[PDB]
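Reading through the structure tokens given below for one structure.
Atoms within each ligand, like the ligands themselves, are counted from 1 in listed order. Sequence lines set the chain letters: A, B, ... in the order given, protein chains first and strands last, and positions in each chain run from 1.
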Amino acid sequence: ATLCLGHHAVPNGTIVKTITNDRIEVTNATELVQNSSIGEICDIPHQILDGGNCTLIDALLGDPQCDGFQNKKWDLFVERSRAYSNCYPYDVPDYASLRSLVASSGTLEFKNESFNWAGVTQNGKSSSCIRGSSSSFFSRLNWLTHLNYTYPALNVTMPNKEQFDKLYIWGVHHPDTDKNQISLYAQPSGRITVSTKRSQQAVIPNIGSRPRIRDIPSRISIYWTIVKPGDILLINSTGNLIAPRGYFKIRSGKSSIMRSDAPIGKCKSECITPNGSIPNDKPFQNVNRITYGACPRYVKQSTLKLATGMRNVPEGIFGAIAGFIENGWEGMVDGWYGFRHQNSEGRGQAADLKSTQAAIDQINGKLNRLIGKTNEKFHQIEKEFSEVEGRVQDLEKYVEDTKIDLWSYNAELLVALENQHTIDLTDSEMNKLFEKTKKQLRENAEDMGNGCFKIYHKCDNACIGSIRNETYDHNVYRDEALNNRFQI
Amino acid sequence: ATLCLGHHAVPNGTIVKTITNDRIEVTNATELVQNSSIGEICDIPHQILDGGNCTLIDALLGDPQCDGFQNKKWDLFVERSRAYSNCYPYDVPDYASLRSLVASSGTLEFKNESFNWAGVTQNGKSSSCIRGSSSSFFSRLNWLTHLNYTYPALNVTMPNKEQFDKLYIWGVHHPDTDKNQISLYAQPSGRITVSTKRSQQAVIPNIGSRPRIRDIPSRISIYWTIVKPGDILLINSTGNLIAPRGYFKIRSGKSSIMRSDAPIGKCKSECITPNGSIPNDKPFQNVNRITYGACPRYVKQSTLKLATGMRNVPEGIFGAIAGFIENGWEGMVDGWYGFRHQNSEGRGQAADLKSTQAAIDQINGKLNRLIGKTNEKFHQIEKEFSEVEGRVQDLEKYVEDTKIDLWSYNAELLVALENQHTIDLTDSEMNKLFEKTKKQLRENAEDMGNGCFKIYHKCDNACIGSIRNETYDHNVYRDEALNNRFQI
Amino acid sequence: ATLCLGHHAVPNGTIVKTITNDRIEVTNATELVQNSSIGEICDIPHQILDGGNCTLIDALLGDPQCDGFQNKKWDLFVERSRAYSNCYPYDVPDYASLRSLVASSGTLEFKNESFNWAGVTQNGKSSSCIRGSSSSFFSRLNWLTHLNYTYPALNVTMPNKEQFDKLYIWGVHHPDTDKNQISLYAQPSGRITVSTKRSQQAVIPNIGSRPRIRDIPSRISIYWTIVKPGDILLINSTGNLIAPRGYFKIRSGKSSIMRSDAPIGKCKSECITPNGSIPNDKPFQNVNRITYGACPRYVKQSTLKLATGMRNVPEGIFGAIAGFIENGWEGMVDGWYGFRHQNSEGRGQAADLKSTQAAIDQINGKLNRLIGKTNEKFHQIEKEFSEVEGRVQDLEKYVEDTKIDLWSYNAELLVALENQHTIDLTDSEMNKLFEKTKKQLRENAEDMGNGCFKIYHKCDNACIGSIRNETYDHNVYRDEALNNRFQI
Ligand SMILES: CC(=O)N[C@H]1[C@H](O[C@H]2[C@@H](O)[C@@H](CO)O[C@@H](O[C@H]3[C@H](O)[C@@H](O)[C@H](O)O[C@@H]3CO)[C@@H]2O)O[C@H](CO)[C@@H](O[C@@H]2O[C@H](CO[C@]3(C(=O)O)C[C@H](O)[C@@H](NC(C)=O)[C@H]([C@H](O)[C@H](O)CO)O3)[C@H](O)[C@H](O)[C@H]2O)[C@@H]1O
Ligand SMILES: CC(=O)N[C@H]1[C@H](O[C@H]2[C@@H](O)[C@@H](CO)O[C@@H](O[C@H]3[C@H](O)[C@@H](O)[C@H](O)O[C@@H]3CO)[C@@H]2O)O[C@H](CO)[C@@H](O[C@@H]2O[C@H](CO[C@]3(C(=O)O)C[C@H](O)[C@@H](NC(C)=O)[C@H]([C@H](O)[C@H](O)CO)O3)[C@H](O)[C@H](O)[C@H]2O)[C@@H]1O
Ligand SMILES: CC(=O)N[C@H]1[C@H](O[C@H]2[C@@H](O)[C@@H](CO)O[C@@H](O[C@H]3[C@H](O)[C@@H](O)[C@H](O)O[C@@H]3CO)[C@@H]2O)O[C@H](CO)[C@@H](O[C@@H]2O[C@H](CO[C@]3(C(=O)O)C[C@H](O)[C@@H](NC(C)=O)[C@H]([C@H](O)[C@H](O)CO)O3)[C@H](O)[C@H](O)[C@H]2O)[C@@H]1O
Ligand SMILES: *[C@@H]1O[C@H](CO)[C@@H](O[C@@H]2O[C@H](CO)[C@@H](O)[C@H](O)[C@H]2NC(C)=O)[C@H](O)[C@H]1NC(C)=O
Ligand SMILES: *[C@@H]1O[C@H](CO)[C@@H](O[C@@H]2O[C@H](CO)[C@@H](O)[C@H](O)[C@H]2NC(C)=O)[C@H](O)[C@H]1NC(C)=O
Ligand SMILES: *[C@@H]1O[C@H](CO)[C@@H](O[C@@H]2O[C@H](CO)[C@@H](O)[C@H](O)[C@H]2NC(C)=O)[C@H](O)[C@H]1NC(C)=O
Ligand SMILES: *[C@@H]1O[C@H](CO)[C@@H](O[C@@H]2O[C@H](CO)[C@@H](O)[C@H](O)[C@H]2NC(C)=O)[C@H](O)[C@H]1NC(C)=O
Ligand SMILES: *[C@@H]1O[C@H](CO)[C@@H](O[C@@H]2O[C@H](CO)[C@@H](O)[C@H](O)[C@H]2NC(C)=O)[C@H](O)[C@H]1NC(C)=O
Ligand SMILES: *[C@@H]1O[C@H](CO)[C@@H](O[C@@H]2O[C@H](CO)[C@@H](O)[C@H](O)[C@H]2NC(C)=O)[C@H](O)[C@H]1NC(C)=O
Ligand SMILES: *[C@@H]1O[C@H](CO)[C@@H](O)[C@H](O)[C@H]1NC(C)=O
Ligand SMILES: *[C@@H]1O[C@H](CO)[C@@H](O)[C@H](O)[C@H]1NC(C)=O
Ligand SMILES: *[C@@H]1O[C@H](CO)[C@@H](O)[C@H](O)[C@H]1NC(C)=O
Ligand SMILES: *[C@@H]1O[C@H](CO)[C@@H](O)[C@H](O)[C@H]1NC(C)=O
Ligand SMILES: *[C@@H]1O[C@H](CO)[C@@H](O)[C@H](O)[C@H]1NC(C)=O
Ligand SMILES: *[C@@H]1O[C@H](CO)[C@@H](O)[C@H](O)[C@H]1NC(C)=O
């Protein structure tokens with residue numbers, strides 16, 4: 001009889017990378033880089049708020065377009081690129097910081113407070129800000145002006161008797177002219193001091209024409225202040241104050257904001273990107289560096305294939321597969337390793353289950369460490385910028401670029417080591433089954449060197465089966481075998 | 001005779017992770033993550049300065065509570081969370097930067113300088129700042145006011161004739177009212193310009209009530225300026241100047257500051273955390289991301305076990321351990337690998353020293369690369385924040401979170417590769433001792449397949465010993481062995 | 001006959017590090033850390049602009065020294081440490097940001113625009129700024145002052161009808177005295193508002209003596225503003241305006257700036273450092289963390305040797321090299337593995353080509369992954385600082401230090417894993433050639449255990465050659481061999 005040890009092969013293998021080889025074919029691999037989105041943001045499990053035409057900041061101030069956003073909450077606020085401001089023209093010094101802190105607070109919940117604006121007109125309006133047919137203003141702000149050509153210095157307080165922090169949004173009006181300055185606040189100067197036991201902010205208006213927006217050459221600047229529990233807001237002004245009508249709760253949670261034009265859909269997905277949700281089964285993704293939720297890590301590579309089978313040899317350090325075994329057996333489809341024999345009763349093929357299962361368990365082990373293991377991230381840094389800003393933006397970008405190169409490196413190295421190891425462990429399993437069989441045969445057979453043993457005795461099907469199920473008793477055939485082997 | 005090769009096992013193994021296995025038992029492991037502190041800051045080798053009730057900044061300005069800190073130096077300044085300000089109410093725009101640069105300078109050494117404050121009253125005092133029973137002020141600052149209802153414009157210089165940089169601390173007073181403005185500085189305006197050949201800073205006071213602190217509704221703002229050698233300080237003011245009384249040396253060294261409530265103790269420890277000192281023998285730690293000194297790197301994992309022994313098989317790619325050798329020998333306690341025999345004189349067990357020492361040396365090699373190898377870090381970035389700040393704080397936190405995920409990744413991968421390698425190299429040593437023995441026996445013995453040889457000749461204790469010490473001469477027994485082996 | 005399998009050795013090996021060994025000798029290694037520069041900046045392929053005596057900013061404003069830089073472009077602008085300002089004394093709030101954004105724009109291209117400066121004197125001059133024998137000014141700036149003791153409020157526009165962004169550089173003059181204030185701008189106040197539909201910047205001068213520079217106690221502050229296509233610049237001022245004479249194009253490309261005192265040379269090199277160009281064949285470098293172009297990654301290690309040959313054993317997990325083969329063959333110089341024999345015709349040595357080529361191909365595979373693979377980087381963050389700045393600088397440095405430790409870690413681990421693997425794969429190749437030969441010999445030879453076979457039949461040179469070329473037919477000699485082997 002002849003008993004040959006072998007392993008399977010497939011007609012259609014896959015190319016992977018190892019430590020030593022850019023391009024080597026295995027029987028099977030799996031992709032570790034997610035490269036597509038379904039192109040929609042799934043609305044489960046994260047609570048999504050579609051900004052539509054409104055920026056977060058405009059929803060905050062109460063631009064008329066944004067009245068539907070009053071007191072809303074979100075896990076992720078989605079800002080659309082078509083969003084536009086449609087109220088009094090304003091800027092926010094350190095706009096990105098205000099956006100950021102509201103985003104991660106995750107709420108626009110507002111509470112009215114009663115201020116003693118003694119001696120001034122309230123509820124200033126503008127046709128740059130139309131609410132319902134008429135001149136209006138930011139819903140959360142209170143434009144104060146002269147009453148009877150008098151603007152009597154303001155000096156109001158508001159203790160924080162609450163358990164939580166209050167966020168106050170206020171402003172300063174910059175009139176285009178000294179004339180408008182006078183006719184608005186009956187006063188040439190105009191000064192604002194807003195303070196607490198912990199902080200002070202002081203602002204003087206800057207008079208001058210700015211280019212007209214909805215016919216307004218004047219401008220408002222927006223500021224904010226956080227009042228801790230037991231502290232006190234004190235607003236001391238003699239003109240130009242755009243006053244708050246109350247406070248926002250400021251919370252600390254996992255909320256964020258993302259710029260995206262992707263539609264919201266009724267589906268479930270843990271990981272969100274501007275492009276849409278992406279599955280998070282893979283450890284890496286190449287869809288977008290901007291992400292929210294439990295997401296694969298962003299890498300530069302568009303693909304990284306993890307070998308999930310042995311080297312494919314159609315028809316490693318252990319020397320068996322692609323070694324002393326000339327090639328794989330495509331006809332073996334019920335196992336990874338097995339036996340072909342020829343004896344007096346014919347020629348046959350049988351899978352070896354234990355060795356097949358050993359290789360598969362090791363590979364499944366690798367997969368369990370790498371698949372469905374992603375990390376959860378929420379409010380991050382900004383990663384795209386529409387305007388040159390210099391030093392801080394240079395650092396923001398450098399930090400992300402650094403991080404991405406390091407992860408891309410981790411990904412490349414991980415797959416190469418794992419693949420080299422997969423090829424070696426599968427080669428080893430082959431070598432181990434061969435060795436175990438050789439030992440079973442003792443003096444009754446000889447290694448032909450091509451993975452085949454010549455067995456020097458009659459070995460019928462039951463005899464072959466006794467080898468494969470490891471009950472073969474070499475003593476039974478020894479006399480016969482030694483006589484055939486050692487003749488002249 | 002029968003000669004069996006084997007390896008040890010222990011009743012109580014340890015679970016470790018490898019590339020292929022989340023949970024596999026070895027004979028021994030070591031922990032690579034430091035997870036506890038002694039709960040005290042050891043006062044050797046770093047020179048520790050306990051801030052007690054004083055912030056660094058208050059020690060800098062000379063709050064009365066902090067007189068004991070005059071001219072002190074430190075490697076690490078420890079700020080306590082109970083610290084509180086107890087002098088005139090002040091703020092420092094960019095407070096964190098001033099704190100940071102004094103911290104890393106490591107000295108409060110001060111040098112008096114004589115300024116020509118011609119025509120003003122000096123040494124302004126407040127009951128918000130009590131020194132010894134009476135109204136006082138920041139020791140390092142000089143509150144100037146009117147003399148005889150005159151405040152004559154100040155214009156003073158101070159060349160830096162020194163070899164080193166000078167740090168000047170100064171301020172501007174913000175009176176609550178135009179009345180107090182007048183009664184203090186006999187002047188409505190008030191302006192400050194402090195300049196050098198290299199820089200200029202200009203400040204106007206902002207009049208208005210802030211909430212009262214120790215009954216003061218006024219406030220001081222603190223500023224600083226660094227004067228290079230050969231440069232000149234020029235202070236040009238017509239009111240509101242809180243003047244310097246001299247300069248601080250500004251040094252560049254390894255000094256830092258840390259917020260901690262841990263007590264200082266008389267002991268020695270290279271690595272300090274807010275929780276207390278931690279040993280630095282391990283390469284990683286999970287105690288605190290804030291550290292000072294030669295410290296293990298912070299990771300998320302609470303434990304990472306490095307295998308320091310073979311797979312434990314009570315009673316790998318090489319197929320010997322947990323392979324053709326059915327199990328380990330718990331009765332073998334003087335070696336890792338060895339021999340059990342049965343011959344005419346009895347049954348015995350002996351360790352093999354060379355193979356045991358080969359496995360141990362390799363493992364010790366790994367340990368020497370990983371143990372006691374920690375990296376020294378001093379003044380870092382801040383890693384905890386008591387207040388929402390936006391953009392820069394978002395970047396500070398993102399940088400640390402990024403770094404920590406990358407190191408945690410490094411740690412996880414390192415231990416898995418090392419453990420897989422440890423299991424393989426110990427399996428290999430087993431396989432190598434088996435092969436070497438088989439070769440010694442030549443034609444005189446046969447491999448039974450379970451790590452045991454059947455020796456076909458009388459092999460007494462000396463004979464067994466000749467095998468183990470590698471002096472066995474197969475020629476001596478060949479005739480006898482061939483006759484027993486190849487009979488019918 | 002005797003047939004011995006062996007491998008080469010060299011008299012002069014190299015020490016490398018592995019996972020288990022700090023110091024182990026191989027036949028050959030290669031250096032992975034570039035540690036030297038040619039000490040010159042090569043002027044191909046990057047377009048280099050030598051700043052000589054001029055900072056970028058001075059070339060931007062048009063300091064007289066810098067007239068040769070008008071409208072120049074660059075890939076890399078090189079600033080020399082001897083550079084000095086020689087015009088009116090000025091500062092730029094956020095200087096580093098302006099430098100940065102011009103650097104990466106890569107152009108000083110300027111376009112004259114005609115402003116309507118109605119009612120003022122133009123072309124203000126100073127002896128602090130000498131052009132051609134006479135008092136001059138920044139070429140790109142326009143110092144406006146009173147005309148006939150009148151300074152009539154300015155209010156000019158300039159639409160951006162272009163397709164691209166415009167960068168405007170402007171300033172505010174700070175006179176030393178209220179007197180000079182009057183005599184310059186016929187006005188006590190002085191205010192500047194520069195605005196667009198997107199932004200507003202407002203500046204008031206700060207009067208006061210600063211220390212004299214080229215006899216000027218006054219100072220200019222420089223500001224900038226970017227005007228998007230379809231937007232409008234509006235400059236509204238009543239004094240102190242240092243006006244623009246036009247705009248710079250602001251581009252987005254790969255341009256940067258570097259501080260260096262290295263001379264420019266006529267040579268070609270992809271990677272530039274302040275020290276000079278460095279070859280980029282190696283994956284790592286220790287020359288400078290500041291780099292431009294396709295550059296090896298900066299690491300702390302001064303050397304990292306990658307094994308490119310087997311363990312050197314003069315005269316691993318597979319047990320062959322430095323194992324059952326007592327030592328290497330220094331006399332074998334045409335191959336890595338081979339055969340020595342003694343037969344009736346003499347004693348000889350022959351290389352085995354297939355096994356030699358297998359080891360070499362694997363090693364070349366590793367090298368191809370690591371050599372000539374460097375990554376291209378352009379404008380980065382700053383990495384050296386001449387002045388204490390606090391929080392942002394602390395983050396800039398912390399980010400770079402973090403990155404460098406992570407890459408140094410990657411480098412150390414990479415070389416140790418690769419070297420351990422190289423030693424194992426070369427040991428394996430040895431073991432594989434031995435096994436294949438043993439199998440060829442079948443029952444005709446015995447393993448002596450030291451890598452040598454005793455062949456039990458007459459085996460002349462052709463016979464030896466049949467073994468080495470794998471045509472040996474064991475059946476031919478079997479009878480003879482069995483008779484010699486199994487005699488009494
Ligand atoms: C406060 C104000 O309304 N300013 C007006 C301005 O008003 C002048 C005009 O009424 C004349 C004739 O009566 O009188 C001047 O004042 C005299 C006053 O009668 C007298 O009592 C005093 O003693 O002496 C002075 C002499 O100076 C007034 O200065 O007139 C111009 C031209 O009509 C207005 O500009 C136009 O504004 C348009 C936008 O209008 C609003 C808006 O935003 O919708 C109307 C808003 O109700 C008003 N909101 C508030 C709270 O006031 C705002 C607000 O003033 C601005 O937005 C701030 O910039 O303006 C549009 O811009 C058009 O292009 C302008 O020509 C100016 O608003
Ligand atoms: C500079 C000053 O002392 N301001 C006082 C203020 O003084 C007024 C009062 O003396 C009246 C009666 O004489 O006269 C006013 O001035 C007139 C002046 O006599 C006359 O010559 C001139 O021609 O015309 C004016 C008319 O206006 C003075 O304005 O009085 C109030 C009420 O007493 C004081 O407020 C109280 O201050 C308390 C804190 O006191 C200190 C402190 O900090 O401890 C005392 C310090 O010595 C003083 N330090 C210095 C260098 O001045 C400081 C300092 O002024 C403030 O800290 C700055 O804010 O105040 C406490 O706050 C209490 O709640 C207040 O009612 C005010 O200090
Ligand atoms: C604008 C100016 O030139 N300021 C001069 C200043 O001029 C005074 C002087 O002319 C006297 C005598 O005629 O008159 C004063 O004005 C009177 C005026 O005649 C009258 O019509 C009005 O009604 O009443 C006033 C009464 O005050 C003038 O104030 O004189 C001083 C001393 O000479 C000058 O300081 C010296 O400047 C030197 C540097 O000179 C330049 C320069 O930078 O090179 C000359 C430049 O041409 C000038 N550039 C422009 C656009 O003006 C600049 C510029 O003023 C400064 O740089 C801004 O600081 O100065 C040098 O610094 C020397 O150390 C000074 O003593 C002052 O420049
Ligand atoms: C400063 O100049 C601008 C013109 O460049 C003035 O604003 C323009 O005024 C006209 C009619 O009054 C408007 O129809 C334009 O829309 C305005 N232009 C822009 C783009 O804002 C401005 O009024 C001038 N300043 C003063 C106070 O005289
Ligand atoms: C802060 O508020 C108080 C008003 O309560 C201001 O002081 C008053 O201002 C009025 C009108 O300008 C003066 O005529 C009074 O003499 C002041 N009253 C008192 C009690 O002093 C003060 O101007 C405000 N300050 C700011 C920053 O606007
Ligand atoms: C502005 O308002 C506050 C009151 O809200 C004034 O400060 C208070 O004054 C009383 C008595 O004068 C003190 O006992 C309180 O401690 C003060 N309150 C706080 C929390 O600061 C302030 O004086 C007013 N401003 C002016 C100048 O009129
Ligand atoms: C800087 O210092 C000088 C004083 O040495 C100031 O100029 C003087 O100010 C006085 C009093 O206000 C005037 O009456 C004199 O005419 C000025 N003397 C000279 C020599 O010019 C100047 O005001 C100070 N500037 C600042 C920023 O406070
Ligand atoms: C404020 O003081 C400085 C002197 O410390 C004055 O500037 C000096 O003036 C002399 C002669 O006028 C010059 O030769 C020096 O070079 C100046 N010193 C420096 C270092 O700037 C300044 O003029 C004074 N201010 C005023 C307006 O009186
Ligand atoms: C912006 O420009 C306009 C000038 O076009 C300024 O307003 C004029 O200023 C003059 C001179 O000071 C006044 O006498 C006129 O009454 C104003 N003209 C108009 C049409 O209002 C305004 O001062 C400038 N503002 C700034 C910021 O300098
Ligand atoms: C996703 O969005 C980014 C940003 O626009 C884009 O560059 C990327 O190609 C998109 N990718 C996919 C797979 O949709
Ligand atoms: C958003 O604005 C556009 C154009 O101004 C308008 O046509 C559309 O109806 C608005 N959409 C929403 C979400 O109301
Ligand atoms: C150390 O301090 C940090 C910060 O408070 C805390 O979260 C951590 O659990 C503490 N750990 C130990 C081991 O003392
Ligand atoms: C710190 O302040 C507390 C409470 O104000 C006081 O009881 C204690 O004595 C002070 N401790 C020191 C270190 O002086
Ligand atoms: C290169 O420049 C840096 C910065 O001065 C210096 O520290 C380094 O040693 C220099 N190295 C070489 C190899 O020229
Ligand atoms: C640069 O300035 C120095 C010293 O001021 C001068 O000698 C030299 O000629 C200048 N060099 C150039 C590049 O013009």
Side-chain angles (χ1 to χ4, degrees), chain A residues 49-55 58-59 63-69 78-86 130 214 261 263-264, chain B residues 115-120 144 146 150-157 172 185-195 200-205 234-241 243, chain C residues 33-41 81 174-183 188 204-211 217-219 258-262 271-279 285-291 295-296 298-303 383-386 400 404:
Chain A
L49 183 58
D50 192 339
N53 275 340
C54 289
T55 71
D58 283 343
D63 180 318
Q65 275 190 299
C66 307
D67 286 345
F69 288 101
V78 178
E79 242 163 23
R80 306 307 196 169
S81 65
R82 73 195 186 255
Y84 59 102
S85 278
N86 196 42
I130 282 136
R214 288 171 294 287
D261 280 341
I264 316 299
Chain B
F115 297 82
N116 190 24
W117 310 122
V120 300
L144 310 178
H146 75 69
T150 224
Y151 195 117
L154 306 161
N155 192 59
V156 197
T157 67
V172 52
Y185 320 103
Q187 163 91 45
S189 280
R191 71 164 95 105
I192 300 161
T193 298
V194 59
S195 59
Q200 51 165 185
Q201 300 153 276
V203 176
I204 57 93
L234 189 168
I235 304 174
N236 197 179
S237 165
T238 61
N240 296 77
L241 174 64
Chain C
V33 183
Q34 181 65 38
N35 56 51
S36 65
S37 177
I38 60 160
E40 280 172 2
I41 302 182
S81 65
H174 302 284
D176 68 326
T177 69
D178 318 296
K179 137 133 4 64
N180 266 292
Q181 171 66 39
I182 289 303
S183 66
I204 57 93
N206 319 299
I207 291 156
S209 309
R210 288 87 165 151
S218 289
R219 233 133 269 196
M258 180 180 300
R259 294 187 186 93
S260 181
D261 279 341
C271 178
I272 303 174
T273 77
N275 304 75
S277 306
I278 65 172
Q285 62 92 6
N286 178 232
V287 171
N288 207 299
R289 63 185 61 200
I290 304 162
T291 77
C295 283
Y298 180 82
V299 302
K300 303 286 212 189
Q301 294 98 326
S302 56
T303 172
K383 296 172 190 196
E384 278 179 354
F385 303 88
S386 60
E400 192 60 7
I404 289 167

Residues B:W117, B:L241; criterion side-chain contact (heavy atoms from CB on, under 4.5 Å); working and verdict: CA-CA 11 Å; B:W117 310 122; B:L241 174 64; 4.0 Å; yes
Other residues, nucleotides, ligands: >12 heavy atoms within 6.0 Å of C:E384 CD: no
Residue shell around ligand 14, heavy atom under 4.0 angstrom: C:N35, C:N275, C:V287, C:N288
Carboxylate-amine/guanidinium proximity below 4.0 Å for C:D178 and B:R191: yes
Non-neighbouring partners of C:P274 that pass side chain to side chain contact (heavy atoms under 4.5 Å, CB included), sequence neighbours left out: C:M258, C:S260, C:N288, C:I290
Inter-residue atom distance C:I204.CD1 - C:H174.NE2, 0.5 Å rounding: 8.5 Å
Between C:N35 and C:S302, a side-chain donor and acceptor under 3.5 Å: no
No-hydrogen, no-angle side-chain donor-acceptor test under 3.5 Å, A:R80 and A:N53: no
Distance-only donor-acceptor check, side chains A:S85 and A:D58, under 3.5 Å: yes
Under 4.0 Å to a heavy atom of A:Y84 - the qualifying atoms of ligand 11, by number: 2 (O), 5 (O)
Residues that B:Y151 engages under side-chain hydrogen bond (donor to acceptor under 3.5 Å, both in side chains), provided they are two or more places apart: none
Heteroatom proximity flag, A:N53 to ligand 11, N/O under 3.5 Å: yes
Distance-only polar pair, side chains of B:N236 and B:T193, donor-acceptor under 3.5 Å: no
Which N or O atoms of ligand 7 sit under 3.5 Å from a protein N or O, and how far apart is each pair?
unit_1   : atom_1 : unit_2 : atom_2 : d
ligand 7 : 2 (O)  : B:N236 : ND2    : 2.4
ligand 7 : 25 (N) : B:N236 : OD1    : 3.4
ligand 7 : 25 (N) : B:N236 : ND2    : 2.9
ligand 7 : 28 (O) : B:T238 : N      : 3.4

